[PDB]
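Taking it in order: structure first as structure tokens, then the write-up.
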Amino acid sequence: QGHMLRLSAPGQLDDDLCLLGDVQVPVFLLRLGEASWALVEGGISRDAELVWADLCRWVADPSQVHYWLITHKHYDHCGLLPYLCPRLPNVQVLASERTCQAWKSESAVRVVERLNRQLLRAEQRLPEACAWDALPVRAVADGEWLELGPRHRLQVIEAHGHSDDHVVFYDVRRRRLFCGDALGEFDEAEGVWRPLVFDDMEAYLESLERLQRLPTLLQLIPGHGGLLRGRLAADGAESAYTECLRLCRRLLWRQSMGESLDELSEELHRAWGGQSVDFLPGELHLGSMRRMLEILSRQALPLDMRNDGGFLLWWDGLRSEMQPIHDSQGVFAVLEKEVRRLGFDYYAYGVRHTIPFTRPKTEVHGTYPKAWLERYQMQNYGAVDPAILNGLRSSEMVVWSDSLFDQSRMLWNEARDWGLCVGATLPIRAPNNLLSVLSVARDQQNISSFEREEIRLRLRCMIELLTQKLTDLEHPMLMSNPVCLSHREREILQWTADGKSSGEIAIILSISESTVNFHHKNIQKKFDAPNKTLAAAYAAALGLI
Amino acid sequence: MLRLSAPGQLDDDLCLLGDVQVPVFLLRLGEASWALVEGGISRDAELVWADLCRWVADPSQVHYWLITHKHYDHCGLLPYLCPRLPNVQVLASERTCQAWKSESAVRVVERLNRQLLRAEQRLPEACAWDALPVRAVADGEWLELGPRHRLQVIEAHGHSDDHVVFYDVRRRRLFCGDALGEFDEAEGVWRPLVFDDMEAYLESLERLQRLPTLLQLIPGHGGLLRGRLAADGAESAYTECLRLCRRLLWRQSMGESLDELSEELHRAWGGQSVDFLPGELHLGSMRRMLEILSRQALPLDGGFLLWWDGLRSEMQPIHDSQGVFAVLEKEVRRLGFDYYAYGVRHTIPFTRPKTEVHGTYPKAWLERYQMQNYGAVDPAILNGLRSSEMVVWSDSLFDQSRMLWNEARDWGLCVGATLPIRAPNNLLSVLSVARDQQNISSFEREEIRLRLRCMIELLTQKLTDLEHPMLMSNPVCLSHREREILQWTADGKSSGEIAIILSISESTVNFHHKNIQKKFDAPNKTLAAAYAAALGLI
Ligand SMILES: O=C(CCCOc1cccc(Br)c1)N[C@H]1CCSC1=O
Ligand SMILES: O=C(CCCOc1cccc(Br)c1)N[C@H]1CCSC1=O
Ligand SMILES: [Fe+3]
Ligand SMILES: [Fe+3]
Ligand SMILES: [Fe+3]
Ligand SMILES: [Fe+3]
């Protein structure tokens with residue numbers, strides 16, 4: 001440990017972690033147990049004999065290395081594999097499907113080897129290498145839990161943007177993130193991030209957005225520059241997002257004055273290239289500056305779908321995404337997409353009708369575990385569910401909390417058993433006396449106050465738009481009871497619900513009492529009602545009069 | 001172009017006078033009424049004056065002069081051009097007016113302004129600093145400058161302990177002085193200018209992010225910004241200030257002195273302000289800002305959301321309804337409208353449903369409205385019975401009730417909108433906003449719609465929490481037994497079936513029916529059931 005904020009020296013960094021080789025292109029070593037080890041980041045080819053040396057100072061046996069984690073495919077994060085895997089018999093390489101496929105293409109591996117060979121020292125000779133498609137690889141998927149060791153459980157997270165394959169690794173026990181290049185190149189002289197967007201900007205920014213939601217970080221480890229800790233590593237993701245949008249503002253401003261991509265590429269190179277001269281030929285750095293300046297000019301918002309440039313932008317984008325939809329399932333799909341973008345796992349949408357007064361129908365549709373739907377409806381938990389009933393009394397969102405469920409212990413216990421441990425519920429009353437409710441749920445993160453206030457707005461807008469579209473599509477869940485009254489029957493009922501008898505209506509409307517009672521009979525027939533009272537009460541409850 | 005930076009007209013009501021580096025802004029309030037903004041530097045006195053005589057036929061028509069803060073580069077012209085504007089009121093923050101009474105502050109200003117003359121110019125006649133025709137303004141004060149110029153004052157301490165900014169709500173135009181910083185003409189980003197307090201600087205930028213989306217942003221240096229640059233101005237300035245904070249903290253964690261980064265910043269920034277700032281004061285101000293930042297920066301080991309947080313914080317502590325309505329007025333005028341209304345439509349009597357209203361239209365039109373019971377057949381209110389979408393006022397909407405629309409137009413209520421919401425007790429509450437001369441432009445429409453939705457939600461919540469009478473409904477209370485009996489009767493059950501299900505006698509049940517009727521002043525069971533359903537009681 002130290003009082004420093006950046007640890008950037010070969011050797012030990014934490015009670016389970018070591019930096020091997022050159023701090024510029026480090027390889028990280030994890031002690032999963034007494035005789036079990038793992039590696040992280042693949043570094044560059046030319047360090048093969050350096051890295052090896054350092055490794056043998058900590059590990060008594062290379063056969064005890066069982067796993068090697070690789071963020072992405074670029075030549076500077078997989079160059080050591082072909083040379084050191086022939087020495088690590090028990091190792092599995094772990095990479096994203098795209099990465100494992102990239103190692104099978106002759107073209108990509110040829111690029112990798114050309115760039116890695118450009119990096120040898122004076123009269124350097126390379127030790128024997130094995131085929132790229134001969135590596136002992138096992139592909140991983142987004143969200144997969146890697147049970148490396150008893151105290152090393154790491155989650156895979158897709159972080160496309162930097163490249164079309166990039167992934168990062170979250171050690172949740174120590175709140176430690178291996179982020180590779182997805183945040184960029186850390187400026188060692190200023191303390192800010194240098195964006196590295198080399199495939200897609202929307203995906204880059206959406207990835208940084210999804211990463212801002214992780215628990216507060218204590219340790220942040222990019223592919224270059226060592227390990228960051230404290231505040232520097234806690235607000236890392238937000239800081240990378242900020243610096244990317246700052247470069248966007250710079251580029252767009254310069255282009256509004258008439259500058260070319262190459263011009264700002266040369267300007268940026270002048271002030272940045274100096275850091276990566278040891279492992280990156282200057283011309284590839286300039287070309288990457290030009291490439292990223294290409295993408296930014298393509299996808300950045302000018303200065304005049306759902307995304308990044310302010311809230312109103314997300315609002316209009318959501319609306320525009322929902323206009324062409326003529327199929328309800330797609331409506332629900334878009335809603336799900338935005339719910340996940342908020343940071344939750346499941347959601348639900350419920351409608352509470354006002355009748356029958358003894359047992360008011362409460363219909364539900366969502367994406368909770370189907371078995372929970374079976375149990376919920378089977379035991380009709382939906383009658384006195386606090387999340388829905390709060391809407392009868394308040395227009396505020398209700399964040400799920402033990403105190404709120406004091407009256408309904410069984411429901412809360414069973415929902416907790418199904419993973420629905422954290423969530424929130426917003427209510428809104430449609431203009432037809434209906435109680436519509438929108439709930440969101442996740443597994444392990446409690447709603448922080450700030451995110452609570454954020455949610456309230458985003459969910460309000462989503463549910464407000466959703467009910468509108470479902471009314472335009474006449475969904476069966478909302479259709480309640482399709483009853484249309486004629487103008488005459490409606491005003492007859494308007495009088496009757498005010499207490500008038502057949503005779504008084506006959507007088508007032510200037511028609512006969514027989515006509516009025518026949519109208520009453522028709523009205524009854526529509527409501528499937530046995531008398532006038534049920535018709536009047538349901539019509540009042542349904543807003544028809 | 002995206003940045004307008006040339007002397008002369010900038011908009012149909014605005015002109016830039018003098019040097020774009022230290023500009024002075026001119027507003028045409030009317031045919032023979034004008035106003036100024038920014039006090040510039042002394043040495044431009046004869047330049048600016050020239051340009052002024054190109055636009056104003058008579059110098060007596062200049063009636064107001066607005067001053068952001070006391071720095072020498074925003075008040076230097078006053079002693080020299082106020083002697084030429086007989087009818088002008090200077091408008092400034094109290095601290096500024098006090099600074100003008102202290103001999104020391106005026107001496108600093110005078111020395112720094114003298115440093116900037118050319119070896120040729122002679123000084124034109126000048127008046128004393130404590131003799132100026134000054135009028136103090138207050139944070140939030142409404143300045144009814146002109147028929148189409150209603151500007152609000154906003155306190156923006158931080159850059160200096162007195163800084164204030166001015167917001168034209170009609171044009172969504174903000175004069176911000178230096179509270180956001182010095183706009184980088186070569187890069188398009190903000191350079192922080194923190195010369196008094198960092199917390200106040202950042203809180204000022206926060207309060208400014210809460211304004212409606214900006215179309216025109218006018219700092220003390222560099223001209224007028226439009227488009228995206230003006231929308232996220234406050235957000236970007238906030239961000240760049242925190243970026244400088246982290247740069248400083250990192251360098252200090254490596255063992256650098258402030259002098260090092262101060263000289264760096266001078267080398268890379270001072271060139272912009274060489275014409276109006278002696279280089280050594282630029283280095284010293286960089287050092288001052290880096291000192292303040294090093295003092296207050298946190299050690300180590302989106303505008304809409306801000307508006308929302310601010311409104312809530314403003315409306316929770318209030319426990320008296322009149323103040324609630326007052327806050328509503330504040331935000332409505334801040335958006336750019338003149339009057340508002342809040343209405344409640346009860347569901348009964350079904351033939352003559354009570355429609356109560358509270359707002360700020362001319363009392364005579366309310367007399368007229370109720371006199372002709374316009375609340376029954378007002379289309380803006382009736383749209384809420386079938387839709388939760390906002391309604392922009394339009395002839396098609398009012399084709400059905402032409403008389404009401406014609407008379408409302410006669411009173412100036414020519415442009416407006418109305419939002420509907422359903423309180424949790426089956427009441428239809430609606431919120432309207434209105435002005436006279438400007439049509440609702442497309443982008444501001446959706447921004448408005450959203451803000452109105454939020455405001456009315458919180459309003460109905462708070463007034464229910466305050467137990468207002470207009471929301472109060474017919475006071476009838478039932479117990480579980482009689483309530484459940486009514487739940488059964490409203491489901492179509494007869495007296496006998498109810499008695500069977502509840503395990504009591506039928507005489508008991510019909511006597512219960514009488515109980516229920518007595519409260520509603522109802523003649524039979526049907527009226528009771530319908531009113532109970534309409535009131536949400538069963
Ligand atoms: O969100 C709601 C109201 C609607 C429930 O929607 C559901 C319930 C089960 C299956 C499905 Br699909 C949707 N209630 C919360 C309370 C805590 S658990 C829960 O469902
Ligand atoms: O805003 C409403 C509803 C009426 C509420 O306004 C009023 C009416 C009387 C006194 C007061 Br205060 C406010 N209607 C619109 C329709 C077009 S003009 C108009 O006022
Ligand atoms: Fe990379
Ligand atoms: Fe890299
Ligand atoms: Fe200033
Ligand atoms: Fe200034």
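Residues in the structure tokens are numbered from 1 in each chain, the chains being A, B, ... in the order shown, and ligands are numbered from 1 in the order shown.
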### Task
Give the residues close to ligand 2, within 7 Å, counting only C-alpha atoms and all ligand atoms; write them as an NGL selection string.
:B and (341-343 or 357-361 or 363 or 365-366 or 369 or 375 or 378-381 or 393 or 405 or 408 or 413 or 418 or 432)
For the selection you just gave me, I'd like the residues written to a file as a PDB file, in the first residue's frame, keeping N, CA, C and O atoms.
ATOM      1  N   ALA B 341     -53.000  29.810 -14.957  1.00  0.00           N
ATOM      2  CA  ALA B 341     -54.225  29.410 -14.281  1.00  0.00           C
ATOM      3  C   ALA B 341     -54.106  27.966 -13.812  1.00  0.00           C
ATOM      4  O   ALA B 341     -53.411  27.154 -14.428  1.00  0.00           O
ATOM      5  N   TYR B 342     -54.814  27.650 -12.728  1.00  0.00           N
ATOM      6  CA  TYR B 342     -54.928  26.290 -12.212  1.00  0.00           C
ATOM      7  C   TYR B 342     -56.399  26.019 -11.940  1.00  0.00           C
ATOM      8  O   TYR B 342     -57.035  26.754 -11.178  1.00  0.00           O
ATOM      9  N   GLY B 343     -56.932  24.966 -12.544  1.00  0.00           N
ATOM     10  CA  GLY B 343     -58.346  24.674 -12.447  1.00  0.00           C
ATOM     11  C   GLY B 343     -58.602  23.258 -11.967  1.00  0.00           C
ATOM     12  O   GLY B 343     -57.821  22.347 -12.218  1.00  0.00           O
ATOM     13  N   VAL B 357     -61.334  27.632 -10.053  1.00  0.00           N
ATOM     14  CA  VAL B 357     -60.111  28.094 -10.700  1.00  0.00           C
ATOM     15  C   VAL B 357     -59.391  29.084  -9.792  1.00  0.00           C
ATOM     16  O   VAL B 357     -60.007  29.766  -8.968  1.00  0.00           O
ATOM     17  N   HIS B 358     -58.069  29.156  -9.952  1.00  0.00           N
ATOM     18  CA  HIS B 358     -57.251  30.128  -9.234  1.00  0.00           C
ATOM     19  C   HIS B 358     -56.063  30.480 -10.121  1.00  0.00           C
ATOM     20  O   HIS B 358     -55.424  29.587 -10.681  1.00  0.00           O
ATOM     21  N   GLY B 359     -55.761  31.770 -10.253  1.00  0.00           N
ATOM     22  CA  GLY B 359     -54.725  32.174 -11.190  1.00  0.00           C
ATOM     23  C   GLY B 359     -54.423  33.659 -11.220  1.00  0.00           C
ATOM     24  O   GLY B 359     -54.636  34.359 -10.223  1.00  0.00           O
ATOM     25  N   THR B 360     -53.923  34.157 -12.362  1.00  0.00           N
ATOM     26  CA  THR B 360     -53.522  35.557 -12.472  1.00  0.00           C
ATOM     27  C   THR B 360     -54.019  36.215 -13.753  1.00  0.00           C
ATOM     28  O   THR B 360     -53.328  37.073 -14.310  1.00  0.00           O
ATOM     29  N   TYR B 361     -55.193  35.836 -14.245  1.00  0.00           N
ATOM     30  CA  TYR B 361     -55.815  36.597 -15.318  1.00  0.00           C
ATOM     31  C   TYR B 361     -56.475  37.857 -14.756  1.00  0.00           C
ATOM     32  O   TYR B 361     -56.695  37.967 -13.548  1.00  0.00           O
ATOM     33  N   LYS B 363     -59.052  40.263 -13.296  1.00  0.00           N
ATOM     34  CA  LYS B 363     -60.254  39.938 -12.528  1.00  0.00           C
ATOM     35  C   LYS B 363     -61.528  40.089 -13.357  1.00  0.00           C
ATOM     36  O   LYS B 363     -62.486  39.317 -13.190  1.00  0.00           O
ATOM     37  N   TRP B 365     -62.031  39.427 -16.507  1.00  0.00           N
ATOM     38  CA  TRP B 365     -62.313  38.250 -17.320  1.00  0.00           C
ATOM     39  C   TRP B 365     -62.821  37.093 -16.470  1.00  0.00           C
ATOM     40  O   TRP B 365     -63.570  36.258 -16.971  1.00  0.00           O
ATOM     41  N   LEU B 366     -62.398  36.992 -15.207  1.00  0.00           N
ATOM     42  CA  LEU B 366     -62.964  35.965 -14.335  1.00  0.00           C
ATOM     43  C   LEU B 366     -64.440  36.238 -14.081  1.00  0.00           C
ATOM     44  O   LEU B 366     -65.273  35.321 -14.121  1.00  0.00           O
ATOM     45  N   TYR B 369     -66.042  35.066 -17.154  1.00  0.00           N
ATOM     46  CA  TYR B 369     -65.970  33.616 -17.310  1.00  0.00           C
ATOM     47  C   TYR B 369     -67.025  32.918 -16.469  1.00  0.00           C
ATOM     48  O   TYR B 369     -67.789  32.086 -16.972  1.00  0.00           O
ATOM     49  N   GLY B 375     -66.773  27.662 -17.474  1.00  0.00           N
ATOM     50  CA  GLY B 375     -66.069  26.496 -16.968  1.00  0.00           C
ATOM     51  C   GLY B 375     -66.727  25.183 -17.333  1.00  0.00           C
ATOM     52  O   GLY B 375     -66.068  24.139 -17.302  1.00  0.00           O
ATOM     53  N   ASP B 378     -65.552  24.817 -21.514  1.00  0.00           N
ATOM     54  CA  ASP B 378     -64.247  25.334 -21.916  1.00  0.00           C
ATOM     55  C   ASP B 378     -63.473  24.200 -22.578  1.00  0.00           C
ATOM     56  O   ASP B 378     -63.178  23.202 -21.910  1.00  0.00           O
ATOM     57  N   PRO B 379     -63.135  24.297 -23.866  1.00  0.00           N
ATOM     58  CA  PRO B 379     -62.506  23.140 -24.529  1.00  0.00           C
ATOM     59  C   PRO B 379     -61.160  22.759 -23.933  1.00  0.00           C
ATOM     60  O   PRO B 379     -60.829  21.565 -23.863  1.00  0.00           O
ATOM     61  N   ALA B 380     -60.371  23.746 -23.499  1.00  0.00           N
ATOM     62  CA  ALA B 380     -59.063  23.451 -22.923  1.00  0.00           C
ATOM     63  C   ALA B 380     -59.192  22.539 -21.710  1.00  0.00           C
ATOM     64  O   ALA B 380     -58.338  21.676 -21.479  1.00  0.00           O
ATOM     65  N   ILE B 381     -60.252  22.719 -20.922  1.00  0.00           N
ATOM     66  CA  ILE B 381     -60.452  21.888 -19.741  1.00  0.00           C
ATOM     67  C   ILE B 381     -61.048  20.541 -20.133  1.00  0.00           C
ATOM     68  O   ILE B 381     -60.704  19.506 -19.551  1.00  0.00           O
ATOM     69  N   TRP B 393     -53.128  26.183 -27.639  1.00  0.00           N
ATOM     70  CA  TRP B 393     -54.321  26.917 -28.043  1.00  0.00           C
ATOM     71  C   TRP B 393     -54.338  27.138 -29.550  1.00  0.00           C
ATOM     72  O   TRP B 393     -53.337  27.549 -30.144  1.00  0.00           O
ATOM     73  N   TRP B 405     -63.433  31.873 -26.957  1.00  0.00           N
ATOM     74  CA  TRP B 405     -62.130  32.160 -27.547  1.00  0.00           C
ATOM     75  C   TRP B 405     -62.042  33.606 -28.014  1.00  0.00           C
ATOM     76  O   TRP B 405     -61.017  34.267 -27.816  1.00  0.00           O
ATOM     77  N   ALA B 408     -61.638  35.774 -24.875  1.00  0.00           N
ATOM     78  CA  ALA B 408     -60.295  35.620 -24.325  1.00  0.00           C
ATOM     79  C   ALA B 408     -59.268  36.352 -25.180  1.00  0.00           C
ATOM     80  O   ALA B 408     -58.374  37.023 -24.651  1.00  0.00           O
ATOM     81  N   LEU B 413     -55.194  37.324 -24.114  1.00  0.00           N
ATOM     82  CA  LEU B 413     -54.828  35.921 -23.961  1.00  0.00           C
ATOM     83  C   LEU B 413     -54.810  35.243 -25.326  1.00  0.00           C
ATOM     84  O   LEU B 413     -55.637  34.367 -25.603  1.00  0.00           O
ATOM     85  N   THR B 418     -52.383  24.380 -22.222  1.00  0.00           N
ATOM     86  CA  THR B 418     -53.085  23.802 -21.080  1.00  0.00           C
ATOM     87  C   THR B 418     -52.729  22.325 -20.959  1.00  0.00           C
ATOM     88  O   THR B 418     -52.833  21.579 -21.937  1.00  0.00           O
ATOM     89  N   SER B 432     -52.787  26.000 -17.019  1.00  0.00           N
ATOM     90  CA  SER B 432     -52.686  26.787 -18.239  1.00  0.00           C
ATOM     91  C   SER B 432     -51.651  27.894 -18.086  1.00  0.00           C
ATOM     92  O   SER B 432     -51.478  28.455 -17.002  1.00  0.00           O
TER      93      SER B 432
END
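For range 450-457 of chain A, the set of protein, DNA and RNA residues having any atom at most 10 Å away, when counting only C-alpha atoms and skipping those fewer than 4 positions along the same chain, is residues 213, 339, 342, 343, 396, 397, 398, 399, 424, 425, 426, 440, 446, 461 and 462 of chain A; 302, 304, 305, 308, 309, 450 and 454 of chain B.
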Could you give me, as a tab-separated table, every chain A residue with an atom at most 9 Å from ligand 3, plus its closest atom pair and distance in Å to one decimal, counting only C-alpha atoms and all ligand atoms, rows ordered by chain then number?
residue	atom	partner	partner_atom_place_in_ligand_line	distance
A:71	CA	ligand 3	1 (Fe)	8.5
A:72	CA	ligand 3	1 (Fe)	6.8
A:73	CA	ligand 3	1 (Fe)	7.4
A:74	CA	ligand 3	1 (Fe)	5.2
A:75	CA	ligand 3	1 (Fe)	7.8
A:76	CA	ligand 3	1 (Fe)	6.7
A:77	CA	ligand 3	1 (Fe)	6.9
A:162	CA	ligand 3	1 (Fe)	6.7
A:163	CA	ligand 3	1 (Fe)	7.1
A:166	CA	ligand 3	1 (Fe)	8.1
A:180	CA	ligand 3	1 (Fe)	7.3
A:181	CA	ligand 3	1 (Fe)	5.3
A:182	CA	ligand 3	1 (Fe)	7.8
A:184	CA	ligand 3	1 (Fe)	8.4
A:196	CA	ligand 3	1 (Fe)	7.9
A:198	CA	ligand 3	1 (Fe)	8.3
A:223	CA	ligand 3	1 (Fe)	8.0
Write the residues of the selection above to a file with N, CA and C atoms, as a compact mmCIF listing (two decimals), in the first residue's frame.
# COMPACT_ATOMS: atom_id res chain seq x y z
N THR A 71 -8.45 -8.50 -22.67
CA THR A 71 -9.51 -7.53 -22.93
C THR A 71 -9.95 -7.54 -24.39
N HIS A 72 -9.01 -7.39 -25.32
CA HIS A 72 -9.38 -7.24 -26.73
C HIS A 72 -8.22 -7.66 -27.63
N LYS A 73 -8.42 -7.46 -28.94
CA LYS A 73 -7.61 -8.11 -29.96
C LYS A 73 -6.42 -7.29 -30.45
N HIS A 74 -6.42 -5.97 -30.27
CA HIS A 74 -5.37 -5.15 -30.84
C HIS A 74 -4.00 -5.72 -30.48
N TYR A 75 -3.03 -5.47 -31.36
CA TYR A 75 -1.71 -6.10 -31.26
C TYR A 75 -1.05 -5.90 -29.91
N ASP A 76 -1.40 -4.86 -29.17
CA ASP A 76 -0.71 -4.51 -27.93
C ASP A 76 -1.38 -5.08 -26.68
N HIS A 77 -2.30 -6.04 -26.84
CA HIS A 77 -2.89 -6.69 -25.68
C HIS A 77 -3.04 -8.20 -25.88
N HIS A 162 -14.11 1.23 -28.18
CA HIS A 162 -12.69 1.26 -28.48
C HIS A 162 -12.37 0.34 -29.65
N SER A 163 -12.88 -0.88 -29.61
CA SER A 163 -12.86 -1.79 -30.75
C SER A 163 -14.16 -2.58 -30.75
N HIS A 166 -14.16 -5.18 -27.60
CA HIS A 166 -13.57 -4.91 -26.29
C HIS A 166 -14.48 -5.37 -25.16
N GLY A 180 -8.81 -2.12 -19.45
CA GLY A 180 -8.05 -2.05 -20.69
C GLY A 180 -7.94 -0.65 -21.25
N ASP A 181 -8.39 -0.46 -22.49
CA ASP A 181 -8.35 0.84 -23.15
C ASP A 181 -9.72 1.49 -23.25
N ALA A 182 -10.77 0.84 -22.73
CA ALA A 182 -12.13 1.34 -22.93
C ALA A 182 -12.34 2.72 -22.31
N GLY A 184 -9.45 4.76 -22.15
CA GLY A 184 -8.48 5.51 -22.91
C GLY A 184 -7.07 5.43 -22.36
N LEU A 196 -9.87 7.17 -26.57
CA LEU A 196 -9.37 6.22 -27.58
C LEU A 196 -10.59 5.54 -28.21
N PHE A 198 -11.89 3.99 -31.45
CA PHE A 198 -11.36 3.46 -32.70
C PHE A 198 -12.33 2.54 -33.43
N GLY A 223 -5.20 -0.62 -19.40
CA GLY A 223 -4.18 -1.39 -20.07
C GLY A 223 -2.82 -0.74 -20.08
### Message
Need the shell around residue 155 in chain A: protein/DNA/RNA residues with any atom at most 12 Å away, counting only C-alpha atoms. Skip same-chain ones fewer than 3 positions apart. Format as JSON, numbers by chain?
### Response
{"A": [69, 140, 141, 142, 143, 144, 145, 146, 147, 148, 152, 158, 167, 168, 169, 170, 171, 172, 173, 175, 176, 177, 178, 179, 214]}
If you keep N, CA, C and O atoms, can you produce a file of those selected residues as a short mmCIF file (atom, residue, chain, number, x, y, z; two decimals), in the first residue's frame?
data_model
loop_
_atom_site.label_atom_id
_atom_site.label_comp_id
_atom_site.auth_asym_id
_atom_site.auth_seq_id
_atom_site.Cartn_x
_atom_site.Cartn_y
_atom_site.Cartn_z
N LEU A 69 -6.54 -13.69 -18.84
CA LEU A 69 -7.66 -12.85 -19.24
C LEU A 69 -7.17 -11.80 -20.23
O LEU A 69 -6.14 -11.15 -19.99
N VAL A 140 -15.77 -16.15 -23.68
CA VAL A 140 -16.66 -15.70 -22.62
C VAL A 140 -17.71 -14.79 -23.21
O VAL A 140 -17.56 -14.26 -24.32
N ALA A 141 -18.79 -14.60 -22.46
CA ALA A 141 -19.94 -13.82 -22.88
C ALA A 141 -20.20 -12.69 -21.89
O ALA A 141 -19.79 -12.75 -20.73
N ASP A 142 -20.89 -11.66 -22.37
CA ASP A 142 -21.26 -10.54 -21.53
C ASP A 142 -21.98 -11.02 -20.27
O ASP A 142 -22.90 -11.84 -20.33
N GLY A 143 -21.54 -10.51 -19.12
CA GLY A 143 -22.13 -10.83 -17.84
C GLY A 143 -21.68 -12.13 -17.21
O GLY A 143 -22.09 -12.42 -16.08
N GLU A 144 -20.86 -12.93 -17.89
CA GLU A 144 -20.46 -14.22 -17.34
C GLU A 144 -19.61 -14.04 -16.09
O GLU A 144 -18.77 -13.13 -16.01
N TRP A 145 -19.82 -14.92 -15.12
CA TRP A 145 -19.07 -14.94 -13.87
C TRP A 145 -17.94 -15.95 -14.00
O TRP A 145 -18.19 -17.14 -14.23
N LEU A 146 -16.70 -15.48 -13.85
CA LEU A 146 -15.52 -16.33 -13.98
C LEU A 146 -15.07 -16.73 -12.58
O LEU A 146 -14.49 -15.92 -11.84
N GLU A 147 -15.34 -17.98 -12.21
CA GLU A 147 -14.94 -18.50 -10.90
C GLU A 147 -13.48 -18.93 -10.99
O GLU A 147 -13.13 -20.11 -11.05
N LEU A 148 -12.60 -17.92 -11.01
CA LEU A 148 -11.17 -18.18 -11.09
C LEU A 148 -10.67 -18.82 -9.81
O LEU A 148 -9.97 -19.84 -9.84
N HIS A 152 -11.62 -14.94 -5.93
CA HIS A 152 -11.53 -14.21 -7.20
C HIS A 152 -12.69 -14.67 -8.07
O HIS A 152 -12.60 -15.69 -8.75
N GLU A 158 -19.31 -6.23 -21.51
CA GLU A 158 -19.02 -5.78 -22.87
C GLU A 158 -18.80 -4.27 -22.88
O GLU A 158 -19.62 -3.51 -22.36
N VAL A 167 -13.87 -5.96 -24.12
CA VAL A 167 -14.56 -6.34 -22.90
C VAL A 167 -13.67 -5.97 -21.71
O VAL A 167 -12.45 -5.83 -21.83
N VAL A 168 -14.31 -5.82 -20.54
CA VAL A 168 -13.62 -5.47 -19.31
C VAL A 168 -14.03 -6.45 -18.22
O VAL A 168 -15.02 -7.18 -18.35
N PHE A 169 -13.26 -6.46 -17.14
CA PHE A 169 -13.41 -7.45 -16.07
C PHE A 169 -13.57 -6.73 -14.74
O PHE A 169 -12.75 -5.88 -14.38
N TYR A 170 -14.61 -7.09 -14.00
CA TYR A 170 -14.90 -6.45 -12.72
C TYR A 170 -14.74 -7.49 -11.62
O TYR A 170 -15.52 -8.44 -11.53
N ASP A 171 -13.71 -7.30 -10.79
CA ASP A 171 -13.55 -8.06 -9.55
C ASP A 171 -14.41 -7.34 -8.52
O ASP A 171 -14.02 -6.30 -7.98
N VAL A 172 -15.58 -7.91 -8.24
CA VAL A 172 -16.56 -7.21 -7.41
C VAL A 172 -16.20 -7.24 -5.94
O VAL A 172 -16.62 -6.36 -5.18
N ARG A 173 -15.44 -8.24 -5.49
CA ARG A 173 -15.13 -8.35 -4.07
C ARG A 173 -14.26 -7.18 -3.62
O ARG A 173 -14.48 -6.61 -2.55
N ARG A 175 -13.90 -4.43 -5.58
CA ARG A 175 -14.33 -3.27 -6.36
C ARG A 175 -13.18 -2.79 -7.24
O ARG A 175 -12.82 -1.61 -7.26
N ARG A 176 -12.61 -3.74 -7.98
CA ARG A 176 -11.43 -3.53 -8.81
C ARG A 176 -11.83 -3.77 -10.26
O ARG A 176 -12.40 -4.81 -10.59
N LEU A 177 -11.53 -2.82 -11.13
CA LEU A 177 -11.93 -2.93 -12.53
C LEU A 177 -10.70 -2.97 -13.43
O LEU A 177 -9.92 -2.01 -13.45
N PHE A 178 -10.56 -4.05 -14.19
CA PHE A 178 -9.64 -4.11 -15.32
C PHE A 178 -10.40 -3.58 -16.53
O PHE A 178 -11.33 -4.23 -17.01
N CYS A 179 -10.00 -2.40 -17.01
CA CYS A 179 -10.76 -1.69 -18.03
C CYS A 179 -10.03 -1.59 -19.36
O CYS A 179 -10.58 -1.03 -20.31
N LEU A 214 -21.50 1.09 -11.91
CA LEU A 214 -20.92 0.08 -11.04
C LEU A 214 -20.74 0.66 -9.63
O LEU A 214 -20.70 1.88 -9.46
#
### Message
Around ligand 5, out to 10 Å and counting only C-alpha atoms and all ligand atoms, which residues are there? I want them as JSON, numbers by chain.
### Response
{"B": [68, 69, 70, 71, 72, 73, 74, 159, 160, 163, 177, 178, 179, 180, 181, 182, 193, 194, 195, 219, 220, 221]}
### Message
Would you mind listing, as number ranges by chain, all residues of chain A that have at least one atom within 6 Å of chain B, where only C-alpha atoms are what counts?
### Response
A: 190-191, 230-231, 250, 253, 303-304, 310-311, 357, 392-393, 431, 494, 497-499, 533-534, 536-537, 540-541
### Task
as a VMD selection string, please: all residues of range 345-530 of chain A that backbone DSSP puts in strand (DSSP E).
chain A and resid 346 to 352 362 to 366 398 to 399 422 to 429 435 to 442
